[PDB]
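**Student:** Mind folding the following:
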Amino acid sequence: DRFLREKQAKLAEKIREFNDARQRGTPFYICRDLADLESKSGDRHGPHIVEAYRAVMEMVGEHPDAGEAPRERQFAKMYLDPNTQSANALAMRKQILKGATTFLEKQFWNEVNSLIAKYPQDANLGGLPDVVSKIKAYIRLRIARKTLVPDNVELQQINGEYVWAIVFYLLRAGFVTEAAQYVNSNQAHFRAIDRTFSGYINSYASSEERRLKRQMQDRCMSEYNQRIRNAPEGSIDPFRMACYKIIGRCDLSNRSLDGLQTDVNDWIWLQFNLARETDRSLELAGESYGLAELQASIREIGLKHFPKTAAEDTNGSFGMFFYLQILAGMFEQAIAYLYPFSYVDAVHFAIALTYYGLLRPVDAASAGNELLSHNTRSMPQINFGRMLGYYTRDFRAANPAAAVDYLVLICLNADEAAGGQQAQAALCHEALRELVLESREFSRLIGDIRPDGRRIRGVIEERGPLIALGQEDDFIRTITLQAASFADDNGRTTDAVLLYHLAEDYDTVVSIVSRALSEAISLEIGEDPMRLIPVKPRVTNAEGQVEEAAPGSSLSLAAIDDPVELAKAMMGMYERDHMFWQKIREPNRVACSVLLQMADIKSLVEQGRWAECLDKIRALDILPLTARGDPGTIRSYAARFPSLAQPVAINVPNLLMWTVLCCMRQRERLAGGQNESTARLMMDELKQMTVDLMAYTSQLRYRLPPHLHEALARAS
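**Tutor:** Numbering: from 1, shown residues only. Below is the structure:
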């Protein structure tokens, strides 16, 4: 019972191809493929679901052999008009009955050819593929097997053939015209036993409503009530008593095939074949049986022969009642009935219906309601988007790439008939908005950066066509920015950097990499190094598998966890590419490059190399090292302190202190290992520097810490 994981993947990868097909515009048949998946799953309750798919296939016009499948949501306007006496409310109910009976007729017709192909020697068939040939043969087998009728009752024969069954089983198999043409081609015979009959069925097959004239219908009701309905038992051909109830819709209250060897699938075919949709603008004298009168019936079958919960049903026969409710168009109550028993299929079934516009979504405002919820007009609704939400929380961590595919399907109700074109699309966009904030998986979701780095397109913008204009850039940046605003304010610089770069605000990225670098150098010597929480990688396999990359293919695989290495990389790309370089403003780009040496300096002192470090500081040109001790040039160097950037200026106190330590240690190191006259002038110059910087910090009494000077002298 752990194929649920196995199955969700099979179903998931199909959503990937499903969504891919809507995107470009390639043809694709969702119910066809979902049914195939469910049939090759081995589910105990499988068949009933495979069948219900085939019903809505016929019900809608999803025919793969014809290549004709409806455009997205072809039925939305037609279904979701609340006015219950409208041209669209009626036109729906009618095609619900047409395609529902069409399948029940096809279902039997498939049961027939199968039975025939079982006895090629006992079902005598000519080379002719006549529809009446196969029914005749089917009727022959049904007697050879002794399953046509209980033996005792009397039938009516012509040429030995039982004519009434040849008509009945023609009506059952969806052939109405061919039954009438059989009555006409044999009018000589039919006139003998029932002359009135040929007039009715000819009126039947001629009307597209499969309904009779008023003289016919009243003449048929009478013919049926008088000498059949209350006549001697067993004397009337049960196929004629049946052919009458079909043709005339007689005894519309008692809809049972009493005389025949019939199964539930026949019982079903009748309850659908007898129903016709009247115009709401009339009083149905006789109480013409319609889709609602049928829907009410099925709703009573469940409370009688079926249970409510997953504990009450242990036989596993919930499949039938779901299939029953699908035929009746009660999609809103069926999917809710099924969700406990197979919460997997209840979704994927709810997916395929919404692609066509049959599932009534809950209006966006009240997303909080439970699964099943009723409208302000007592019309059922399902919380389609939220249903996916809960279903998402089983695989959203290991594979958000799949979760996004499922989550865009909130967009299906972006059609205007749902009442929200922007309103439902907003809840989808809102749903993705809080998905990205939940996970740090910014490398797959929103995108990644090359070494150039042109954006490696992220999934949410690969699936941008579904959400937005098709250019799909207005919403993409909007979620990228706000996500960054919550990474920089949570100090997740590695994230905030990645995001702010994608939104093409490269200057802000520089402000962060520098800030993290200013704090990296501002540390004391030998202290625990600064280390930052790296980014969520893109592709992940620890052992034995390398995918589309090696470490360093992109930053997502770089393992950057040190602000020195981060600032080095960004500035690497930014500097050697002139298109990025020119978008980063002067103070921030230089201020960064300063700290890039400063850290290189702090690492020279951590090492303890004095002469090299002092050349770095000399090249920075921040301090008056080359002053040679004339207060003139030193006063000029101190005047240029304001122009320094914040992330540098704060680390000057450390810089000044480091600079002396190199002048003092190389002065002491000169005393021993080193001619001597030139070593004395250096020794004096190095002592002049420590006295020059002494004055530098002194002029800036206001802009530098109070105790820098006194601690400066102590060590000079």
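**Student:** which residue sits closest to residue 689 in space, ignoring its chain neighbours?
**Tutor:** Closest residue to residue 689 in three dimensions, ignoring its sequence neighbours and counting by C-beta to C-beta, 6 or more residues apart in numbering: residue 663, at 5.0 Å. The way it works is simple: take the backbone N, C-alpha and C, and place the C-beta from them, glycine included.
**Student:** separation between that neighbour and residue 567?
**Tutor:** 28 Å (C-beta to C-beta, to the nearest Å).
**Student:** can you check residue 364 too?
**Tutor:** Between residue 364 and residue 567 the computed distance is 45 Å (C-beta to C-beta).
**Student:** Please say which of these two ends up with more neighbours.
**Tutor:** The neighbour comparison of residue 364 against residue 567 (other C-beta atoms under 10 Å) goes to residue 567, with 26 against 20.
**Student:** how close does the more buried one get to residue 700?
**Tutor:** Residue 567 sits at a distance of 27 Å from residue 700 (criterion: C-beta to C-beta).
**Student:** Identify the residues contacting the residue most central in space within the chain.
**Tutor:** With distances taken as C-alpha atoms, centre = their mean, residue 406 lies nearest the centre of the chain, 1.6 Å away. Residue 406 sits next to 12, 15, 388, 391-392 when contact means C-beta atoms under 8 Å, 6 or more residues apart in numbering.
**Student:** same thing with residue 638?
**Tutor:** For residue 638, the contacting residues are 624, 696, 699-700, taking C-beta under 8 Å, 6+ apart as the criterion.
**Student:** mind redoing it with 10 Å?
**Tutor:** 623-624, 695-700, 703-704 (C-beta atoms under 10 Å, 6 or more residues apart in numbering).
**Student:** What is the most widely separated pair among those?
**Tutor:** Of all pairs drawn from the contacts of residue 638, the one with the largest separation by C-beta to C-beta is 624 and 703; the distance is 15.8 Å.
**Student:** Among the two, which residue is more densely surrounded?
**Tutor:** Taking neighbours as other C-beta under 10 Å, residue 624 and residue 703 compare with residue 624 leading, 22 against 13.
**Student:** my guess is that one meets residue 641, correct?
**Tutor:** No - Residue 624 is not in contact with residue 641 according to C-beta atoms under 10 Å; the separation is 11.6 Å.
**Student:** Next, show the common contact partners of those two.
**Tutor:** Common neighbours of residue 624 and residue 641, counting by C-beta under 10 Å, 6+ apart, are residue 696.
**Student:** before we move on, the earlier item: kindly reformat the contacts of residue 638 as JSON lines containing distance to residue 659 and secondary structure.
**Tutor:** Rendered in JSON lines, the data for these read as follows (distance: C-beta to C-beta, whole Å; DSSP: H, G, I helix; E, B strand; the rest coil):
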{"residue": "623", "distance to residue 659": "6", "secondary structure": "coil"}
{"residue": "624", "distance to residue 659": "10", "secondary structure": "coil"}
{"residue": "695", "distance to residue 659": "13", "secondary structure": "helix"}
{"residue": "696", "distance to residue 659": "10", "secondary structure": "helix"}
{"residue": "697", "distance to residue 659": "11", "secondary structure": "helix"}
{"residue": "698", "distance to residue 659": "15", "secondary structure": "helix"}
{"residue": "699", "distance to residue 659": "16", "secondary structure": "helix"}
{"residue": "700", "distance to residue 659": "15", "secondary structure": "coil"}
{"residue": "703", "distance to residue 659": "18", "secondary structure": "coil"}
{"residue": "704", "distance to residue 659": "14", "secondary structure": "coil"}
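**Student:** Most neighbours among those, please name it.
**Tutor:** residue 696 (24 neighbours).
**Student:** For stretch 356-373, list every residue counted as buried.
**Tutor:** Of the residues in stretch 356-373, those scored as buried under the neighbour-count criterion (16 or more other C-beta atoms under 10 Å) are 356-364, 371-373.
**Student:** Which residue, other than its chain neighbours, is closest to residue 563?
**Tutor:** The shortest distance from residue 563 to any residue other than its chain neighbours is 3.9 Å, reached at residue 516 (C-beta to C-beta, 6+ apart).
**Student:** which residues sit in contact with the one you found?
**Tutor:** With contacts defined as C-beta under 10 Å, 6+ apart, residue 516 is in contact with 491, 493-494, 496-497, 530, 532, 562-564, 566-567, 595, 647.
**Student:** at 8 Å what do you get?
**Tutor:** For residue 516, the set of contacting residues under the criterion of C-beta under 8 Å, 6+ apart consists of 493, 530, 532, 563, 566-567.
**Student:** go on, residue 255?
**Tutor:** With contact taken as C-beta under 8 Å, 6+ apart, residue 255 is in contact with 245, 270-271, 274.
**Student:** any idea how far the strand or helix carrying residue 461 is from the chain center?
**Tutor:** Secondary-structure element containing residue 461, defined by DSSP states H and E: helix 459-462. For helix 459-462, the distance between its averaged C-alpha position and the chain's averaged C-alpha position is 12 Å (C-alpha atoms, centre = their mean, to the nearest Å).
**Student:** Name the surrounding residues that touch that helix.
**Tutor:** 401, 404, 432, 436, 444-447, 472-473, 476, 479.
**Student:** Now which of those residues would you call buried?
**Tutor:** Listed as buried from these are 401, 404, 432, 436, 444-447, 472, 476, 479; burial here means 16+ other C-beta under 10 Å.
**Student:** Would you mind confirming that residue 88 is in contact with residue 78?
**Tutor:** Yes - at 4.5 Å, residue 88 and residue 78 qualify as touching, with contact defined as C-beta atoms under 8 Å.
**Student:** between those two, which one's more packed in?
**Tutor:** Shown here are residue 88 and residue 78; by other C-beta under 10 Å, residue 78 has more neighbours (19 against 15).
**Student:** now that one: how far from residue 86?
**Tutor:** In this view, residue 78 and residue 86 are 9 Å apart by C-beta to C-beta.
**Student:** cool, and residue 108?
**Tutor:** Per C-beta to C-beta, residue 108 is found 34 Å from residue 86.
**Student:** before we move on, what about residue 445?
**Tutor:** Looking at residue 445 against residue 86, where the rule is C-beta to C-beta, the gap reads 43 Å.
**Student:** same deal with residue 174?
**Tutor:** With C-beta to C-beta as the criterion, residue 174 and residue 86 are 29 Å apart.
**Student:** Between these two, tell me which one has more neighbours.
**Tutor:** In this view residue 174 and residue 86 are compared by other C-beta under 10 Å, and residue 174 has more residues nearby, 19 against 13.
**Student:** Am I right that that one is in a strand?
**Tutor:** No - secondary structure assignment places residue 174 outside any strand; it is coil (DSSP: H, G, I helix; E, B strand; the rest coil).
**Student:** returning to that earlier point: so which of the buried residues of stretch 356-373 are in strands?
**Tutor:** By the criterion of DSSP state E, membership of the buried residues of stretch 356-373 in strands covers 372-373.
**Student:** Count the residues that sit near residue 317.
**Tutor:** For residue 317, the number of neighbouring residues by other C-beta under 10 Å comes to 15.
**Student:** How much space separates it from residue 52?
**Tutor:** For residue 317, the distance to residue 52 equals 14 Å [C-beta to C-beta].
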